[PDB]
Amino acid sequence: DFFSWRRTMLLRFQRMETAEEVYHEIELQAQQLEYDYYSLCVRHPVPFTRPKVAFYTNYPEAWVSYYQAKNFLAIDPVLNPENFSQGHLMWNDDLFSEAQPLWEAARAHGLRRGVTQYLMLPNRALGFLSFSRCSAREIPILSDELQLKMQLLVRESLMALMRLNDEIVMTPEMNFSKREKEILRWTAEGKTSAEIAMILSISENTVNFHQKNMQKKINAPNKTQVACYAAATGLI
């Protein structure tokens, strides 16, 4: 019964107090669905220029280390939201036609089958939950059931990890005052210091004071980086 399954899982992820409890539960759930491995990968919205990818997996260390050394991240189709439908992606051979080194390496080490579910988080990070299996044998599972179950697992695990302030999911902290945020908003709209001073009935010195403090807080070189980081993560 899905309604009861769902009821239990929300409560289990609600009550978790550590990252390892989240990872252990995902491992157990993968196992119940008859999967050998999981990986949880998060493409952060920033830096814009080389976005951070953070992960946690039970794949053997040699495989992860190999995936990293071959730069399979650049070709990995399982981490591209454009090829998901309804947040869901059952792996097939066609998926890997532009990622043949990855497909060959994976099949040579014993991987046969897998599935990925994804979600965009409130901070605009993209979370991907993959399950994989070394067995090519048909397991009977309702497509709808698997989809809905992984929908919850990817959301709750990453919501728990967000609540637990985990490095895998957290974007740079921008503890900005109300007034700083207000000035930032006018900045993002293309207003100059002079125009913002008129809008808010303050001096340019005051505007630039606030700009400077926000730059200082996050170690930014200018207001553009502050506004863009704020805009990207939804702080603004």
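Numbers follow the displayed sequence, beginning with 1.
Taking the mean C-alpha B-factor of each stretch as recorded, 136-144 and 82-90 are not equal, and the higher mean is that of 136-144. Higher average CA B factor: 28-36, of the stretches 28-36 and 59-67. Ranking 163, 124, 107, 155 by Cα temperature factor from the entry places 163 first. Per the deposited record, the Cα B-factor of residue 45 falls in the lowest third when ranked against the other modelled residues of its chain. Residue 168: CA B factor in the middle third of modelled residues in this chain (values from the PDB entry). When the CA B factors of the chain's modelled residues are split into thirds, the value for residue 220 lands in the middle one.
Compared with the other modelled residues of the chain, the Cα B-factor recorded for residue 206 ranks in the middle third. Ranked within its chain, residue 177 lands in the middle third, by CA B factor from the PDB record.
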